[PDB]
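Next up: a single chain in structure tokens, the form deposited in one PDB entry.
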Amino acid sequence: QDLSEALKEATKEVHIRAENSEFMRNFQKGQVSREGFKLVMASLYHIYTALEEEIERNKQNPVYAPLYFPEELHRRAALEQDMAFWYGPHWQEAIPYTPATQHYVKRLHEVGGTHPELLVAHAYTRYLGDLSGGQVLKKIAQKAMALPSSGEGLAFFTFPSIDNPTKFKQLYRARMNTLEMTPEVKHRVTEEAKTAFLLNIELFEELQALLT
């Protein structure tokens, strides 16, 4: 089986659980305020910082390199804008760094440092969602919180260097299928993607509790 297909099949169940998390149910209904939203975007700041640092460490590694798309995909600069929007000029000292975020970041460094053949599972889990349900979350955020169409506060959800998310996702999928793939690597990559989803589910369960 192609890796792109293996990953979708492996994560289709946990994806259902993730999109139906209590935090996300509240989001999709429109119940999340500025406070909740600042919490999740600050958490994403740390996650994508760790993820993109590990992507840089491994950019020339053949186990990842075909998926190296900083210009199109990387979120850190965009999140730095959003942090300045939501938290102001001294956001680096203002933003929270929660335990679940720390746990997620810790795994990203373990993977990037010790198991870079699995890094694709983590880039997959975040980026392809950003290019999918991410786009729906963006419209909900705009409506709920009165965020302007011009895009301030929602740079994270904006991909100026991609014309069509759907087309780019097809490209990224075909490119995943180009990675050197053994039964050993494909088994562990699909397992690591399931873990990536759980780390996200646990972040969202934590934030929901912090707010209630």
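Think of the rigid core as the biggest set of C-alphas that the two forms share within 1.5 Å after superposition. The numbering used is simple: start at 1 and walk along the sequence shown.
The form deposited in another entry is left out here; the points below concern that form.
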Worksheet item: Core aligned, which of 81, 135, 102, 92 has the Cα that shifts 2 angstroms or more between the shown form and the other one?
Response: 135
Worksheet item: If you line up the core, does residue 70 shift 2 angstroms or more at its C-alpha between the shown form and the other one?
Response: no
Discussion item. With a threshold of 2 Å on the C-alpha, tell me if residue 167 counts as moved between the shown form and the other one once the core is superposed.
Written reply: no
Item to complete: Please check if residue 27 moves between the shown form and the other one, taking a CA shift of 2 Å or more relative to the superposed core as movement.
Response: yes
Worksheet item: Given a CA distance change of at least 3 Å, are residue 134 and residue 96 closer or farther in the other entry?
Response: farther
Worksheet item: Relative to what is shown, are the Cα atoms of residue 42 and residue 134 closer or farther apart in the other entry, where the gap shifts by 3 Å or more?
Response: farther
